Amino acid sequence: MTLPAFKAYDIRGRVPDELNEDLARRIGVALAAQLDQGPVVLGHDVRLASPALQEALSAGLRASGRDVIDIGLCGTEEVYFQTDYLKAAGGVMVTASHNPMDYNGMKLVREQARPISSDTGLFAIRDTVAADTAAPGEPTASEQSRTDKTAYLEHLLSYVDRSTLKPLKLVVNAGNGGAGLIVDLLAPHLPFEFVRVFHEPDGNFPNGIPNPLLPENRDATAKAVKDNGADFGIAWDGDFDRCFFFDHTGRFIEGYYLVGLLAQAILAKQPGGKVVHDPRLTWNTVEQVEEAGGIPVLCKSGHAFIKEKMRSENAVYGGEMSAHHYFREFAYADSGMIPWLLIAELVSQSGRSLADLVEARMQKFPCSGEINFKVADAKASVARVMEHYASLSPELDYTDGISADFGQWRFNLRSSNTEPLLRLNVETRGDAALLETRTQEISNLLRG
C-alpha cells in the first residue's frame, strides 16, 4: 500500500502510527530535494505533538543542507506570509487544523507560498519517504529563530483605513487554537472592544476541538454575541485559516454570502479587479461582483485550483463558500484574519449591521448549505439524479462535478477530494419553497 497520511492537499494522520517524528524527518529530507534554492520556513500550531514534529522536519531539512527559518507557534497563514515575505524556497506548517486530538499533519508550500499538492510534489515526496531507508545524516545547515510578527501584523492592518473604524464590540472565539494571539497583537492598533471566548491556546482543547461548524461550538460564539450585545462575532478553526461570522442576533452566516460581501469590500479598494469563485454556489457572487464593477471568474473548488486561477488572472480576491478567502496581496494565500478586518471596516463605514449587509442577499439567493452524503455507490447515485432531471433539459457544466442550471434553481453535485463523500449544494432565485422541495428530492434520489 501507500502511506495513508499523504492526502490530496496535505499530510494528516493519527500520531504515531500514520505520522511521527521519523516520518517528519524523512519528509524534511524529501522536501529539500523538491524545492528550488533557498531556506525553508517552519511553523506549528497549538497541538501537543506539533513542536516535536517540527523539530524532526527541521533536522531532516538541515541534514540536506537547507537553512531553516523557525517562525514558532503561529497560524497557517503566517507560514504562507513569511515564506513569501522572506523569499524562502518553501515552508511547512505543522497542524491538524480542526481534526481530533490524536491527529496531526503538515501543509507544504514552495516559492511564493505556492501549494505543494498530490500531483504537484506531495506524492513525489510520499514515494521518496516510503522508500527511504538511509541513515539520518547530520545537520549541514543552521536554524534561525524568527518570531517577529511585525511585518505580518502591518500587512493585515494595511487592508483597512484605521481612521474609519468605529469602536465595534466584537466577540472573538479562538476555540483554544491560535487565533487569540494575533487578535491580542492587533488590538492595540484597533478601536474595537473584544469579548474573548475560549481564548487561551490549549492543545488539550478543554472546550472541544477547534471546529466552529460543530453546533455546540457554534453556540458558544452565538451566546456570547447575544449576551453582550456585540456587533458581530468571529470564530476560527485551530490554525485560523478559516473564520466564521455571527451577526448581532447570534445567527451564523453561511459562508456563501461572505464571498460576495468580501468581493464588494475589496473591489472598493481595487476597482475593476477579477474575483475567483467556486462552482458550488454562484449566482449571488456573480451578481455582487458585477454590481461592484469586478469580473467574476469561475474555478473548480479546492485551494490549489483557486490560487492558480487567481495567479493566472491577476485576481484581487478569491473566495470559497467553505470559509476560505484568498488575497492577491497576501501571496495569493488564504487568511482567517483579513476577512474579519474587512467586515469590521465595512460595518464601520456603512453604518449597517452585518445582518443587514447580507439579509437581502440571503433572501434573493437562498441556498441549502453544503449537504454531505456517504452512499454505497456515488457514481450510480449521481446517475439517478441526472436521469430524474433529464426531461427538464438543465444547462450542464462540468467544471467541478456536475452543475445543473434549471432557470429558477440550480445545483452542484461533486465528489470531495479530501473525504470519500458526495457534496450537494442547491440555490434558487428567491424561492425558499422550491429550494426545499428540490433539495429533498435530490436527497431522496441520492439515498435511493
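Residue numbers run from 1 along the displayed sequence. Whichever C-alpha set is largest while still superposing within 1.5 Å between the two forms counts as the rigid core.
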item	value
Stretch farther from the shown model on average in 8 other deposited structures of this protein, with CA RMS computed after core superposition (97-105, 332-340)	97-105
209-217 versus 164-172 - greater average Cα B-factor per the deposited record	209-217
Between the two ranges 323-331 and 96-104, the one averaging a larger CA B factor in the entry	96-104
Residue selected from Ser312, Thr285, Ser117, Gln144 by maximal Cα B factor	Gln144
Residue, from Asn228, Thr249, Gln270, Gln349, that the PDB entry assigns the highest Cα B-factor	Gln270
Chain third (lowest, middle, highest) by recorded CA B-factor, residue given as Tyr317	middle
Lowest, middle or highest third - CA B-factor, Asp17	highest
CA B-factor placement of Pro279, once the chain's modelled residues are sorted into thirds	middle
Modelled-residue ranking by C-alpha temperature factor, third containing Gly90	lowest
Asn412, C-alpha B-factor rank within chain (lowest, middle or highest third)	lowest
